[PDB]
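One chain follows as structure tokens, the form deposited without this ligand.
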């Protein structure tokens, strides 16, 4: 069936759209080649529509059926709870898109009578009606990139009342079921330090390792109605409250498998028969589907002693080599099996014999040295997109601050320490905003974090070595330096000068600011300050941080204020 059908009505914006990076003094202190930075808009939506619209031909086999039964046997151990309306309301982001039915996210969070009444009516409708397709809005996503242009990605999501109901029925399922089913292969259970430990240990556990990343082209579009019902067959193995069983059944048939698409003007846009990017089950569903297809494909390809690491549509496989020619042929056999399963590749996969050459979750393993000279593996990535987005976020107030998430997740990197920490701490200190909570995303969930709490967060996630790494690899240094020349970012010597300046100001303030000066900027001086465990670090409640993926799932994970 066709992933989409279109009526001809346009994918429309709801307000004015900015595509060019503004010429602003603060963003220009970070990145001078402003014309290289752009944001996608609804203007390129028709280009994306062409790419995502295609017929799917899916052929299942015994390997697929065998893996599915094994996955279902593991899912059968799960007991999932139905969330109360209050619990589901507290998981709604404060700036989540308002309902078309006269209430918004603030009303949901405050448990307003109108919001609660409407949520109750939507819930009852899911219990009573098993068939009426649920309306969804389609919008072009606004995302920032560096040139060499990508067309806008499309986001498809149901009304706020429906999203609250999805949490009630499925938040516990999507949070617990993936690790029960996939075990150590489930990527979202790991902090970046745990992910690098898993990759390194997996790589070293093979006699002669071979690894590869597998990129599916337009994954959400490749997801069939059969795949979405298969995913539901796994959810149904949970012990569930009867109302949750009915809501999952109704949501699968009315929303997850497909439905009508409406633009921002209220016009009928078309019909979807593939994964919606903006529902609670997107991450969990994509992860399970990718794992199922890939596990079965490994068996079809006769790949030996396979270990997979899956995060949504992102897949990395580490296995035992059978020799270069044999591995090349087995990888073609894997690709052929994935294609039959309706998961064809974007770029054909390449066998890799060096762990640092694999790019998975847009990241690669690299090595640096701690204060004692001991080798420390850590995850890095090309800094082009993080820097382009940090420049955008400096010039415009954006709902999500990717710079903050990048500092948290890539804290040990040369680029996050020398550039992002230096730039943002300098600006925030000049604005007396170091203590102001900002929103960022970790594994798709929204968190409200104060920049002053970064030292303890980083220590918990990455260890104290995140503040002591040095002797970065020549390859990593060259990649960063080349990216700075390309984007017109001042060189690392300028960043060291700026860091010494902000470090002195932070130390002079005492309190939490001085902890930031001591730990975050110890790299900038020869006269190192002693770094001991931060007391606040052991007291941090990081429950929920690295449990599951929630991209597109409208999840907020910071504490709710009592009423």
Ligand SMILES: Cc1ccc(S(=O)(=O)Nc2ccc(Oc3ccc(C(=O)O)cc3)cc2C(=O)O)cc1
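Residue numbers count along the first chain shown, from 1.
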query	finding
Missing residues, deposited sequence, between residue 84 and residue 85 (class: none, 1 to 3, 4 to 9, 10 or more)	none
Stretch with the greater mean C-alpha B-factor as recorded in the entry, comparing 543 to 551 against 10 to 18	10 to 18
Of 509 to 517 and 533 to 541, the stretch whose C-alpha atoms average the higher B-factor in the entry	533 to 541
Deposited CA B-factor, highest of 227, 354, 135, 393	354
Given 283, 222, 263, 360, the residue at which the Cα B factor reaches its maximum	360
Residue 192 CA temperature factor, ranked by third within the chain	middle
Chain third (lowest, middle, highest) by recorded CA B-factor, residue given as residue 453	middle
Cα B factor band for residue 424 (lowest, middle or highest third within the chain)	lowest
Entry-reported Cα temperature factor of residue 444, expressed as the chain third it lands in	middle
CA B-factor placement of residue 108, once the chain's modelled residues are sorted into thirds	middle
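The same protein also has a form solved in complex with this ligand, omitted here; what follows describes it.
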property: Interface residue in the entry with it bound among 452, 418, 126, 134, criterion: non-hydrogen atom within 4.5 angstroms of this ligand; result: 418
property: Residue (of 208, 111, 241, 477) lying close to this ligand in the entry with it bound, criterion heavy atoms within 4.5 Å; result: 477
property: Residue contact check: residue 179 to this ligand in the entry with it bound, 4.5 Å heavy atom; result: no
property: Contact label in the entry with it bound: residue 116 to this ligand, heavy atom within 4.5 Å; result: no
property: Any non-hydrogen atom of residue 469 within 4.5 angstroms of this ligand in the entry with it bound; result: yes
property: This ligand contact in the entry with it bound: residue 523, any heavy atom under 4.5 Å; result: yes
property: Non-hydrogen atom within 4.5 Å of this ligand in the entry with it bound for each of 481, 484 and 492; result: yes
property: Segment assignment from 410 to 418, 241 to 249, 70 to 78, 91 to 99: heavy atom within 4.5 Å of this ligand in the entry with it bound; result: 410 to 418
